[PDB]
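Architecture at a glance
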Amino acid sequence: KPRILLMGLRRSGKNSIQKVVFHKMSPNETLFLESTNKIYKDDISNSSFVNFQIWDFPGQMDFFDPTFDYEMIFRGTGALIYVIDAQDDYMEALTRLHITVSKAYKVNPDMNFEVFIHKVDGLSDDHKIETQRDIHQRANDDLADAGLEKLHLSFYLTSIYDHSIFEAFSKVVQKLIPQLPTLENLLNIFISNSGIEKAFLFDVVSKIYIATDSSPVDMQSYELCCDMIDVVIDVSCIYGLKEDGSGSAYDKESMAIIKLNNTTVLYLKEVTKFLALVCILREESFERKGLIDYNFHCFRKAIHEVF
Amino acid sequence: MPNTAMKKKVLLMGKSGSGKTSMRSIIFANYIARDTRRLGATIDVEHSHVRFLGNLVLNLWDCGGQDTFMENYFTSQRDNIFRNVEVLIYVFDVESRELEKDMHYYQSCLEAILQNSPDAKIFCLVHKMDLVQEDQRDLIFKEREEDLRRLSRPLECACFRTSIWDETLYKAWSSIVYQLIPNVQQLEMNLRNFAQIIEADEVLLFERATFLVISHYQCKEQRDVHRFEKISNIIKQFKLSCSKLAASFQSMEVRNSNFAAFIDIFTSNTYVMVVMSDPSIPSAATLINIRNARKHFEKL
Amino acid sequence: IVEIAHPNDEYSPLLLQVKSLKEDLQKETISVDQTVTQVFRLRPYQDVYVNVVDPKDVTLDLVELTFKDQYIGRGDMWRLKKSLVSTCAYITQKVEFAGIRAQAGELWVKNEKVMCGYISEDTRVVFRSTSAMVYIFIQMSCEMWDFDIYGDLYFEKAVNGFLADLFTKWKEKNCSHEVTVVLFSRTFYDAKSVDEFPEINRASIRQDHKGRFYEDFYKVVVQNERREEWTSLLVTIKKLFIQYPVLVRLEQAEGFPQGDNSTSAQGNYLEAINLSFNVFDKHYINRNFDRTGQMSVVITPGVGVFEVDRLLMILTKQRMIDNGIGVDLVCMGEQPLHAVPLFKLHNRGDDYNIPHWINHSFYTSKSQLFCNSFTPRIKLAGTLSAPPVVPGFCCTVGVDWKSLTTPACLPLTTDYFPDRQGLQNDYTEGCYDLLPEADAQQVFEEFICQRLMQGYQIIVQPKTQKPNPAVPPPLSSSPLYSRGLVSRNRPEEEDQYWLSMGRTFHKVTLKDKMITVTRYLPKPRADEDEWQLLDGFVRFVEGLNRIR
Ligand SMILES: Nc1nc2c(ncn2[C@@H]2O[C@H](COP(=O)(O)OP(=O)(O)NP(=O)(O)O)[C@@H](O)[C@H]2O)c(=O)[nH]1
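Residues numbered from 1 in each chain as written, not as in the entry; some residues may be left out. Chains lettered and ligands numbered in written order. Part of a larger assembly, values for the part shown. Heavy atoms only, no water. Residues with missing side-chain atoms left out of burial classes, pairs and counts.

Here we come to the packing of helix α6 (residues 168-180) of chain B against helix α8 (residues 226-243) of chain B. Residue and element names in this part refer to chain B. In contact at an axis separation of 8 Å, α6 and α8 are set at 110° when each is read in the N-to-C sense. One element, α6, and the other, α8, form an angle in the roughly perpendicular class. On α8, the residues that touch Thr168, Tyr170 and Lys171 of α6 are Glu229, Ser232, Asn233 and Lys236. Residue classes in the contact of α6 with α8 are distributed as one nonpolar, three polar and three charged. (Axes fitted to C-alpha atoms, helices over the stretch in contact; angles between N-to-C directions. Helix = DSSP H or I, 4+ residues; strand = E, 2+ residues; numbered from the N terminus. Parallel < 35°, antiparallel > 145°, perpendicular 65-115°, else oblique. Contact = heavy atoms within 4.5 Å. Nonpolar A, V, L, I, M, F, W, Y, C, P; charged D, E, K, R; others polar.)

Attention now moves to the pattern of salt bridges. For the structure shown, the criterion picks out 33 salt bridges over all chains. Across the pair B:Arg149 and B:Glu145 runs a salt bridge, and its minimum N-O distance is 2.9 Å. Remark: B:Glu145 and B:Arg149 occur in helix α5 (residues 134-151); sequence separation between them is four residues, near one turn of the helix. A salt bridge links C:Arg227 to C:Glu225; the nearest nitrogen and oxygen atoms lie 3.8 Å apart. A single salt-bridge network, built from bridges that share partners, covers C:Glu64, C:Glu106, C:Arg128 and C:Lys402. (Salt bridge = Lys/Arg side-chain N within 4 Å of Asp/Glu carboxyl O.)

So, on to the packing of aromatic side chains. Across all of its chains, the model carries 50 aromatic pairs over all chains by this definition. Summarising the aromatic geometry, the rings of A:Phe22 and A:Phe52 are spaced 6.5 Å apart at their centres and angled 65° between planes, so their arrangement reads as edge-to-face. Residue A:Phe22 is located in helix α1 (residues 15-25), and its partner A:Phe52 is located in the loop between α2 (43-50) and α3 (67-73); the two are separated by 30 residues in the primary sequence. A relative accessible area of 17% means that A:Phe52 is categorised as buried. Centroid distance C:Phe537 to C:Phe540: 5.9 Å. Interplanar angle 70°. Geometry classified as edge-to-face. Placement of both C:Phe537 and C:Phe540 in helix α9 (residues 527-541) is noted, with a separation of three residues, approximately one turn of the helix. A relative accessible area of 41% places C:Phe540 in the partly exposed class. Among the aromatic residues, ring-to-ring pairing joins A:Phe166, A:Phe200, A:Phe202, A:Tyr209 and A:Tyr222 into one connected group. A cation sits over an aromatic face here: B:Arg223 above A:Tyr239, 5.5 Å from the ring centre. Positioned above the aromatic ring of C:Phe188, the side-chain terminus of C:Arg212 is 4.1 Å from the ring centre. (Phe/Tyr/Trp six-rings, centres within 6.5 Å; stacked < 30°, edge-to-face > 60°. Buried < 20%, exposed > 50% of the residue type's maximum accessible area, 1.4 Å probe, protein only. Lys NZ or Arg CZ within 6 Å of the ring centre and 35° of its normal.)

Okay, here's the thing in structure tokens:
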């Protein structure tokens, strides 16, 4: 349930990398200024994606004075970002995370608090395990006594520019409110006449994307599909939509296939308005119309027909 | 392909500090702008051969930039180093302060290449403009333009601007290659015939292993200069991403609202992309025209 | 690839060899008559129905190869191992390749020596010589003229017993080395006389002030000379033992002399091993074609204690990083009640250190009595502290004759962690395409470019014997001098190196650099020829390979 807001550890120094994250995602999150509201489960979350402002990041000097305004911002679904950095300013902030979280869980029904472990580049294979044991040791007496405080302890893989924040951000939007397990297992039924390895449901260029049945297995395929959507969108962006039609006008009749050596094809096809689908495919020779395109056409019709 | 295996010679020199061997190492070893922080100090001289679409092979010399190494270039074995030189690239830092010693080395290098090469050419390249605001980037590049046009008086030079975190690097070395290429007019004529009888928006042909913009033809002149740079950067980023998957690319297709672009192998070391001015056509046209193109280029 | 074994009834050894897919036994062979008198006497005619035809994948986990009378750089050892991937062997075969020859020896599977067997790609071969170049440094002190238990001088024990045994074993295993026999010792308070000034040195201690004059003497006996029929050196060493105290006491400077200081109190030991390294670094200068292995043996009557400066010990660690050649043996006997090779530091709790690079061995004499005491006695008239030396257990150390008669060359394959990040912040790649030519001009371009033979990294050679006054004791050499300055440098601060040398067709050699360990990876002359040659030239100097 993201009403995600940006609270690092210092206003003038963490906002460098926080603003790199902002200009990494939010130039395609900022479509939601006048798009819509009030109807969906992610529209409030996208309006929170819009309101990525800043505050005073150690807030325990003023536990009352700013909080008033964002009291409203922390009523109804409930999330807030938090950083676990590399240097020795981790244990005192890790102690006062309870100070940051107490008002939060007392002011709002069931929240999930996004403590990301972030930019500790230079971790060994056992040292990352013992620094995980650090938060396992000093995050016990705040979790085992609360009640309705939902915490998300995520571990970014600690480099400068890795893709390993937004599969966990995909997990938190899976944890938003899935009204679609019927759509999940019916989509598993739709990959029965398919190249059944990966069928990722995508939305528009905003870099949050949902997934079923195939995320962590045997390869980070979420990395290659992110590269896929970034390549096709950056081709279509100013090389494809500068001459006729504005760049804000998406309306994409864009399909894209990528072949590779062992007869393996990447496949993006998308309705013009908001929905998209990348369904990869194995060593198969589709020169027909009775196997793939007919039934895939039928359930892209269905996936546009659902909501 | 007629394999006239010549052997060209190209030196890369300048002052130490910023971006001497980093740009070579990201353009011929599949690196990124982040992982080039680990190259560090070079030595006096190190060189390489790189093969490039078959016949042409580059002796690429990388020269260091300490005081003793430049002195041991100029007042020493100079006659061996500056002999049979075709292409010189001379690197300019922006942030560096000792401009007097830089232009002093530049004057000595121009006089030495004049007394040891009559028909070589010099490209000077001001890199690392990623730290200065864009209006001051315009001012600094125009000042380097005029000052280097003055001080490069008896023999001409070509001065370009670049950084590592963008695609003007790919434009500048595309220019180096297109000057350094042997043949022009037959490939232009096949390019023009292909593009004017299969009516495309624009056609683009490239080397495979490094993807520098070899040749191009358009009929919709509404993209200014930055189309080639951008598409080269993003698909070589995609090739770097697919590099960790033990698989080659060789083929792709995309179409959109008013857009139809396709990429494939042409020959032993060449990529093609094309956007075809008619977005509502399936892959039958790409089939019959890769047939139509490989009947001709595999007579070349 | 077929394997044929052939015993007879109850031959307790066996025999086996190779062919290619034998099934019907139409064809037999004669290739060797020697192996009959080498193993067992019988005359097997064409088919006596005993010849077993079996695949029998039985390997020979470690096989030894001895050399004689030649000179073989370690790239040629790599070529022999590359040619010895998938064959058979037996005891005392003469393996040949391209004018290079070795004799097979002491082939083991995991506990037991096998008469014959099969070698396939995963067993390890180890090279040894009987034609090595060997230095013998005899350290003299005041304990040579001191008695021990059983009634002897330690000198007489050392020379008579140990050298008689070593020369008898050198005759028995039929080896032929090139030796030095160098005597060395120290004296105290030999301050100054008429123009004997750059010979002295002056020792001191920081934490408690102590500074004295001392002087180092080397007297050599036969310098570089191979000959059979030894033990004449034993007579000359007896002559020099009797002539030695006047020969060391009453020379160059005459204050009040104190001869031949104690090993457990002072000593020029670490400087002697460092000067042997100062010899062995310049092996490429005048190259004998009749020697392969390198060996430096120090015979001491010491206990195992040495009081050694910090800088020389760290420097010789960094120099035995390159070419490990040092062996120590003690003819004092009396294996003490602690970890016996140890150094008390002498830096400018008593700071201990224990070496794990050295190969120490004791020499017990030959007699039988009741309770061999481990103590001397002499009656006067009148934060961490993480190594101590006493909680380390130590039963007995032998002599290790096999590492003193057939010297072992340095290995080929060692396992170590990869080149990740952090400290070694420097990698450099050079991809060098190769144009074949039919006109000698192709290896050296890559060679002078990609390394300049450790043009990147330094050779840590900080010890320079700049002076040596000599003395007119006779027609051998006799240098008696001071070591001179020691211009030590630290290792490469905050960066090691590693390199990626590519062949642009399909080939990669990944060099690491803390000791030159490689990883070769594949994907007129041919490509593989130049690739193999370049791996051999990286192999010649420091040549470890990673594996798995
Ligand atoms: N962020 C950034 N870093 C740069 C840029 N240009 C160069 N650098 C940094 O400069 C460093 C030096 O690389 P380089 O100049 O090629 O090394 P070199 O000069 O050949 N070594 P030597 O001094 O021995 O000749 C690289 O690590 C690279 O990270 C730039 O535009 N942006």
